[PDB]
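Protein chains in written order, with the authors' numbering: chain A, 4 to 234; chain A', 4 to 234; chain A'', 4 to 234. A prime marks a further copy of an entry chain. In this text, a Cβ means the ideal position worked out from N, Cα and C, and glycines have one as well. Step one of this worksheet: look at the structure below.
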Amino acid sequence: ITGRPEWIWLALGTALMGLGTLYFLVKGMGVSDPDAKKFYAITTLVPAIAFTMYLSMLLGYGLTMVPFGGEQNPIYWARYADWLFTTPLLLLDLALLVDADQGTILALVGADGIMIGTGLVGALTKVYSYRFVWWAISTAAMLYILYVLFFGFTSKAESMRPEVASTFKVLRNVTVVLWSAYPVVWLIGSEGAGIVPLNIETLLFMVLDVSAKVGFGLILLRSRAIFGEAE
Amino acid sequence: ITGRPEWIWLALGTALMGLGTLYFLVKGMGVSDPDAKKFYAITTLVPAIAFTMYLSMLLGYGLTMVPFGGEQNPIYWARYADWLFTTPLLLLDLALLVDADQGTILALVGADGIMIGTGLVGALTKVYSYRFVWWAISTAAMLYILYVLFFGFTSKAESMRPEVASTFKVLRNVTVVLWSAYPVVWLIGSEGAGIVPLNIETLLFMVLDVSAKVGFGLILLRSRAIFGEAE
Amino acid sequence: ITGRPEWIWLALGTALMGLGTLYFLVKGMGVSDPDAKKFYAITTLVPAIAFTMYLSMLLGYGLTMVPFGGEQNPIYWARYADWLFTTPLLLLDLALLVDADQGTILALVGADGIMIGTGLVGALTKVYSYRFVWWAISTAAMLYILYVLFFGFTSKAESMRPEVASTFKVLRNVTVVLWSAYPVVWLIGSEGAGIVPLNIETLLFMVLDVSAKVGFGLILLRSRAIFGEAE
Ligand SMILES: CC(C)CCC[C@@H](C)CCC[C@@H](C)CCC[C@@H](C)CCOC[C@@H](CO)OCC[C@H](C)CCC[C@H](C)CCC[C@H](C)CCCC(C)C
Ligand SMILES: CC(C)CCC[C@@H](C)CCC[C@@H](C)CCC[C@@H](C)CCOC[C@@H](CO)OCC[C@H](C)CCC[C@H](C)CCC[C@H](C)CCCC(C)C
Ligand SMILES: CC(C)CCC[C@@H](C)CCC[C@@H](C)CCC[C@@H](C)CCOC[C@@H](CO)OCC[C@H](C)CCC[C@H](C)CCC[C@H](C)CCCC(C)C
Ligand SMILES: *C/C=C(C)/C=C/C=C(C)/C=C/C1=C(C)CCCC1(C)C
Ligand SMILES: *C/C=C(C)/C=C/C=C(C)/C=C/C1=C(C)CCCC1(C)C
Ligand SMILES: *C/C=C(C)/C=C/C=C(C)/C=C/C1=C(C)CCCC1(C)C
Ligand SMILES: CCCCCCCCCCCCCCC
Ligand SMILES: CCCCCCCCCCCCCCC
Ligand SMILES: CCCCCCCCCCCCCCC
Ligand SMILES: CCCCCCCCCCCCCC
Ligand SMILES: CCCCCCCCCCCCCC
Ligand SMILES: CCCCCCCCCCCCCC
Ligand SMILES: CCCCCCCCCCCCC
Ligand SMILES: CCCCCCCCCCCCC
Ligand SMILES: CCCCCCCCCCCCC
Ligand SMILES: CCCCCCCCCCC
Ligand SMILES: CCCCCCCCCCC
Ligand SMILES: CCCCCCCCCCC
Ligand SMILES: CCCCCCCCCCC
Ligand SMILES: CCCCCCCCCC
Ligand SMILES: CCCCCCCCCC
Ligand SMILES: CCCCCCCCCC
Ligand SMILES: CCCCCCCCC
Ligand SMILES: CCCCCCCCC
Ligand SMILES: CCCCCCCCC
Ligand SMILES: CCCCCCCC
Ligand SMILES: CCCCCCCC
Ligand SMILES: CCCCCCCC
Ligand SMILES: CCCCCCCC
Ligand SMILES: CCCCCCCC
Ligand SMILES: CCCCCCCC
Ligand SMILES: CCCCCCCC
Ligand SMILES: CCCCCCCC
Ligand SMILES: CCCCCCCC
């Protein structure tokens with residue numbers, strides 16, 4: 004395990020996701036409100052899935068070698084397995100907060116699936132120049148998602164409770180900033196142009212992942228917006 | 004890319020799915036009705052997914068070699084990845100049109116999953132005679148789906164709005180004819196008996212795919228059946 | 004096929020799932036009640052999926068070799084493909100019976116996904132001692148599911164119809180006993196410590212699978228709890 008310099012960040016990531024999972028699990032024990040239960044379920048599952056995939060990367064299972072540029076390049080494929088399930092759960096948290104219509108939710112989840120799926124294909128593609136074609140398609144799917152979060156959701160939040168409108172606005176802003184960093188790190192890291200070494204890349208993704216999951220969850224689950232308006 | 008004679012049909016397929024995706028995306032921009040949004044979301048996602056998988060076939064990612072009959076046989080596995088997601092979306096379009104009950108929808112999607120999954124296993128099976136066992140099981144799942152579309156849905160459409168009944172009937176008929184061709188092409192093509200060469204097989208699937216997705220979508224999204232009855 | 008001593012149990016399993024599938028399919032033909040249709044759909048799909056995966060194991064497709072302990076160890080990976088889809092369907096049968104809230108259903112299905120997914124990783128892991136780390140995480144996800152079935156569902160059933168409360172209690176008890184055997188068989192069988200040989204392991208899983216699917220389904224589909232209260 005320690006044979007890879009990036010192991011320290013995989014281990015820290017595993018620990019922080021594990022701790023985040025346990026914290027949300029305990030916190031949600033005292034919850035009976037049916038609406039709050041939905042948000043706790045979604046939000047606890049996110050770091051639990053990430054915990055398993057960080058562990059698989061730490062132990063070496065979630066790593067494969069991909070030939071491109073005349074080299075055997077270490078590619079952590081387990082990231083995409085994580086993201087396939089956790090990024091639509093994160094979007095679902097946002098969509099339920101603002102009572103999004105079903106068509107909009109399906110558009111978001113579908114675009115998200117395309118985003119992660121094409122990122123996976125790009126990560127595993129052996130023809131170097133083609134990796135960036137997949138990156139571009141994935142990034143276009145991301146831009147669609149960000150567009151919807153701003154010009155379909157923000158003006159939906161404003162007709163809702165003030166506490167859900169303010170909580171949505173904060174989580175929207177956190178999401179757009181954090182999620183936009185992922186394609187940049189991929190592009191300059193070992194999957195793309197290879198300018199930033201894998202150990203630093205792994206650190207960067209770990210900070211983004213913990214912030215986008217445990218950070219996000221801490222903000223959401225401390226808000227009164229997750230509860231039905233009750234006396 | 005041009006090293007494979009079937010590349011021209013993969014390229015045309017990619018282009019037509021891409022163009023179809025953009026057309027539906029633009030067309031649905033001016034839509035606020037919650038019901039119509041569902042149909043636009045579902046129907047736009049279908050060629051978008053197909054676009055990505057056609058591209059993966061064009062670039063060579065979605066192709067593998069399978070030993071059977073003492074030969075290395077080129078198998079485009081990306082078709083099944085496409086179909087796994089797009090065929091239940093197509094069925095969902097039909098089921099929502101007639102306000103199908105939840106049990107019926109689950110039966111359809113489940114049978115569809117079995118249909119595509121067993122087709123994939125058959126496509127990748129190395130014992131030649133066993134490929135046709137999987138083809139038979141998949142075809143039985145197809146026949147179940149077609150049965151339900153006729154003797155569970157058609158008489159559901161007739162108690163609904165005339166515009167939804169007439170639109171459903173047309174899309175049902177398009178679906179049954181087009182979908183029934185797929186097992187025949189598989190059986191006589193490079194996956195099955197090998198009587199029709201891969202380049203012609205690829206052409207045939209491209210015509211079926213564009214018709215079943217973009218053709219289907221053009222009929223559906225031009226109907227007033229996708230809108231709630233409103234003043 | 005007969006080259007593997009466990010083939011007889013794979014063949015019997017295939018037959019019993021096939022027969023169970025046909026029986027439930029015929030039985031549900033005379034059903035119009037929308038609630039009952041849901042239970043028939045879910046419950047018929049379960050042995051149908053299991054039939055396909057038992058067949059893939061019989062024909063040899065669903066088997067791979069995994070190096071650990073200095074040996075090539077036969078691992079039937081198709082079990083996890085089965086279980087990935089059938090165990091959440093089984094939980095859905097239980098959850099719908101007691102009209103579980105959406106948050107609880109998502110927690111169950113999510114924990115179940117983690118349970119099966121980590122079992123799959125453990126089954127395919129090449130470092131022997133690490134296989135048991137994945138077994139432990141999977142078992143913890145199982146224990147969560149069993150906890151919810153007892154201390155979240157049982158007291159939900161009691162405020163419902165007596166026929167649904169009594170049917171739920173029986174199916175809950177069947178589920179907890181049968182499902183708890185699976186991690187034990189894995190641990191002592193060819194995936195784990197290797198004390199029980201593969202042919203006996205295969206027998207054990209076949210008895211558990213038929214009981215947990217066809218047995219379970221026979222109890223559920225003969226109950227009046229699956230019908231809406233109607234005059
Ligand atoms: C509604 C939304 C969910 C829409 C989803 C959007 C989605 C369509 C976007 C594209 C997804 C698609 C790229 C998934 C591809 C998975 C694939 C990378 C798995 C690895 O297999 C690739 C090659 C080795 O590189 O296998 C070597 C050759 C092997 C023989 C491969 C044969 C097995 C195939 C992988 C079977 C395909 C199954 C499905 C792709 C399962 C989807 C997995 C998940 C990653 C989407
Ligand atoms: C409700 C509905 C959805 C019901 C669904 C119906 C469904 C049950 C029908 C059968 C689906 C099942 C056949 C999927 C099999 C996928 C498999 C072909 C992927 C390729 O792996 C096959 C061999 C190489 O040929 O791998 C070589 C050996 C490797 C070590 C394989 C180990 C990895 C396994 C593939 C893990 C299994 C994961 C699940 C099958 C994911 C499902 C993928 C999708 C195609 C259904
Ligand atoms: C809401 C709930 C559903 C939550 C779900 C919980 C879930 C997160 C729990 C963990 C699931 C995760 C372990 C699935 C891993 C599948 C993996 C074993 C498939 C086989 O690939 C493993 C190695 C060979 O051993 O591939 C060799 C290297 C290859 C290059 C691998 C590259 C292809 C990757 C497999 C692509 C990943 C796609 C997704 C994992 C699809 C999920 C399949 C299913 C088994 C969950
Ligand atoms: C918890 C993990 C999260 C929130 C991950 C988010 C990841 C993305 C938004 C990834 C986006 C990518 C692209 C837009 C193109 C390049 C490849 C990706 C997959 C890194
Ligand atoms: C957009 C793509 C569509 C509508 C594809 C439909 C495909 C089928 C109905 C495929 C059916 C098959 C069988 C019935 C058995 C042989 C294998 C298949 C998968 C080709
Ligand atoms: C129809 C099949 C059923 C009901 C299978 C149930 C399987 C399980 C509950 C498996 C549990 C496992 C663990 C808890 C850890 C070890 C690995 C598994 C996957 C066997
Ligand atoms: C969105 C953030 C992307 C920028 C990442 C900056 C990383 C700077 C680290 C120094 C680069 C290491 C190069 C020498 C090894
Ligand atoms: C459902 C349509 C299946 C029939 C396809 C007919 C294809 C005819 C093309 C000629 C066959 C090529 C054989 C000589 C290369
Ligand atoms: C939950 C049941 C697990 C116990 C399984 C008992 C199997 C006993 C069979 C005898 C073991 C075979 C060892 C000699 C080959
Ligand atoms: C490819 C995996 C996509 C599914 C991820 C799980 C999250 C799905 C959330 C469903 C949202 C509800 C839509 C109506
Ligand atoms: C194996 C992939 C199956 C899922 C495909 C996505 C479409 C699912 C549509 C869900 C229909 C709603 C059922 C209640
Ligand atoms: C990884 C596969 C998980 C999906 C299995 C299919 C069963 C899903 C049942 C959905 C229950 C409804 C939740 C709201
Ligand atoms: C186009 C929608 C406006 C809100 C999205 C902001 C786009 C940020 C760009 C992210 C950088 C990705 C490379
Ligand atoms: C049995 C249901 C009647 C409607 C379905 C028509 C079946 C068409 C056969 C398709 C050919 C597949 C090989
Ligand atoms: C902790 C919840 C109480 C009900 C679950 C009973 C646990 C049975 C243990 C199963 C054995 C697995 C190794
Ligand atoms: C070796 C790099 C070749 C450049 C490929 C860039 C493709 C980016 C596509 C953006 C439309
Ligand atoms: C080499 C071909 C052997 C014939 C197999 C046909 C099987 C079809 C099954 C239909 C019930
Ligand atoms: C070779 C076996 C080494 C023992 C591993 C047991 C790990 C079990 C983890 C339970 C917390
Ligand atoms: C990680 C295993 C958890 C089993 C005990 C249940 C914890 C309490 C959860 C309350 C919903
Ligand atoms: C509760 C702490 C969980 C941390 C387990 C994984 C950390 C890796 C240590 C090497
Ligand atoms: C908008 C046109 C999209 C076409 C891109 C793929 C066509 C392949 C050209 C070689
Ligand atoms: C209807 C009987 C189904 C049995 C088919 C599979 C049994 C395997 C026989 C070798
Ligand atoms: C993006 C950083 C999130 C910070 C989380 C802090 C949570 C405290 C309530
Ligand atoms: C099956 C062929 C479909 C033809 C689509 C034409 C759409 C015009 C409205
Ligand atoms: C766990 C054993 C189940 C027994 C099923 C018998 C069904 C008869 C109604
Ligand atoms: C990591 C366990 C958290 C302890 C409880 C925190 C207050 C709910
Ligand atoms: C008003 C919300 C500001 C949140 C910005 C957080 C940036 C990481
Ligand atoms: C809305 C601001 C987006 C900031 C992008 C930051 C990418 C590192
Ligand atoms: C391909 C872009 C379509 C242009 C608009 C067509 C009329 C909505
Ligand atoms: C009355 C509907 C006829 C549609 C037939 C289309 C055949 C491709
Ligand atoms: C309902 C008519 C079906 C026609 C099947 C055509 C197969 C090529
Ligand atoms: C296996 C076929 C079952 C025959 C009908 C049983 C009574 C519904
Ligand atoms: C009162 C229900 C008892 C069911 C026990 C079944 C054990 C297999
Ligand atoms: C509730 C009793 C569980 C029995 C476990 C049996 C495991 C073989």
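Check: Please classify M32 (chain A''): is it buried, with 16 or more other beta-carbons within 10 angstroms of its beta-carbon, or exposed?; Outcome: exposed
Check: Can you pull out the residues from the region 58–84 of chain A' whose beta carbon lies closer than 8 Å to at least one beta carbon of chain A''?; Outcome: none
Check: Reducing DSSP to helix, strand and coil, say where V179 (chain A) ends up.; Outcome: helix
Check: Closer than 8 Å, Cβ to any Cβ of chain A'': which residues of the region 109–121 of chain A, in chain order?; Outcome: none
Check: Give me the Cβ distance between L97 (chain A) and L174 (chain A), rounded to the nearest whole Å; I'm assuming they're in contact under 8 Å.; Outcome: 6 Å
Check: Below 9 Å on C-beta distance, what does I52 (chain A') contact in chain A?; Outcome: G113, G116, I117, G120
Check: Quick one: residues with CB closer than 7 Å to any heavy atom of ligand 29, in chain order, please.; Outcome: A':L22, A':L25, A':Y26, A':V29, A':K30
Check: For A184 (chain A'), tell me which candidate among A':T128, A':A215, A':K159, A':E234 has the shortest Cα-Cα distance.; Outcome: A':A215
Check: Kindly list the residues whose CB is nearer than 7 Å to the CB of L190 (chain A''), restricted to its own chain and excluding five residues on each side of it in sequence; keep chain order.; Outcome: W138, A196
Check: When the Cα of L94 (chain A'') is compared with those of A'':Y83, A'':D104, A'':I108, A'':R82, which residue comes out closest?; Outcome: A'':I108
Check: Skipping 5 residues on each side, what residues in its chain have a beta carbon closer than 8 Å to that of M56 (chain A)?; Outcome: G65, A81, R82, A84, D85
Check: Does DSSP classify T5 (chain A') as helix, strand or coil?; Outcome: coil
Check: Taking the Cβ atom as the reference point for each residue, do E9 (chain A) and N202 (chain A) lie within a distance shorter than 8 Å?; Outcome: yes
Check: For a test of the three-state rule: what should DSSP assign to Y64 (chain A), helix, strand or coil?; Outcome: coil
Check: Is the number of C-beta pairs between the region 163–178 of chain A and the region 213–229 of chain A that are closer than 8 Å three or more?; Outcome: yes
Check: Using DSSP bridges, identify the partner residues of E74 (chain A'').; Outcome: A'':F71
Check: Span of the alpha helix (DSSP H) holding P91 (chain A'')?; Outcome: 81–100
Check: For chain A', find out if any of its Cβ atoms is closer than 8 Å to the Cβ of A18 (chain A''); answer yes or no.; Outcome: no
Check: If distances are taken between C-alpha atoms only, which option among A:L28, A:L99, A:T205 comes closest to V49 (chain A)?; Outcome: A:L28
Check: Ligand 6 and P91 (chain A''): does any heavy atom of the ligand fall closer than 7 Å to the residue's C-beta?; Outcome: no
Check: Measuring from each Cβ to the nearest heavy atom of ligand 34, keep the ones under 7 Å and list them in chain order.; Outcome: A'':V179, A'':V180, A'':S183, A'':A184, A'':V187
Check: Going along chain A in order, which residues have a C-beta closer than 9 Å to the C-beta of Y133 (chain A'')?; Outcome: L62, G63, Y64
Check: Three-state secondary structure (DSSP) at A196 (chain A'')?; Outcome: coil
Check: Any heavy atom of ligand 22 closer than 7 Å to the beta-carbon of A14 (chain A)?; Outcome: no
Check: Can you tell me whether DSSP reads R227 (chain A') as helix, strand or coil?; Outcome: helix
Check: Counting C-beta neighbours from all protein chains within 10 Å, is the total for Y150 (chain A') 16 or more, i.e. buried, or is it exposed?; Outcome: exposed
Check: I'd like to check one pair, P37 (chain A'') with residue 283 (chain A'): are the Cβ atoms closer than 8 Å?; Outcome: With chain A' covering only 4 through 234, there is no way to say anything about residue 283 (chain A').
Check: Given that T128 (chain A') touches chain A'', what residues does it touch there, using C-beta distances under 8 Å?; Outcome: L62, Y64
Check: Does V34 (chain A') come out as helix, strand or coil in the three-state DSSP assignment?; Outcome: coil
Check: Among the residues of its own chain, which have a CB less than 7 Å from the CB of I119 (chain A'), if the five just before and after it don't count?; Outcome: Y83, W86, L87, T90
Check: Is there at least one non-hydrogen atom of ligand 22 closer than 7 Å to the beta-carbon of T5 (chain A'')?; Outcome: no
Check: Report the option in A':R134, A':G63, A':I148 whose CA atom is closest to the CA atom of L58 (chain A'').; Outcome: A':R134
Check: Closer than 7 Å to a non-hydrogen atom of ligand 6 - does that hold for the CB of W86 (chain A)?; Outcome: no
Check: As a quick exercise: from A:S141, A:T46, A:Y131, A:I222, pick the residue whose alpha carbon is nearest that of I117 (chain A).; Outcome: A:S141
Check: Within a Cβ cutoff of 7 Å, which residues of the same chain sit near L111 (chain A'), ignoring the five residues on either side of it in sequence?; Outcome: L94, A98, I148, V151
Check: I'd like to know whether the C-beta of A44 (chain A'') is nearer than 8 Å to at least one C-beta of chain A'.; Outcome: yes
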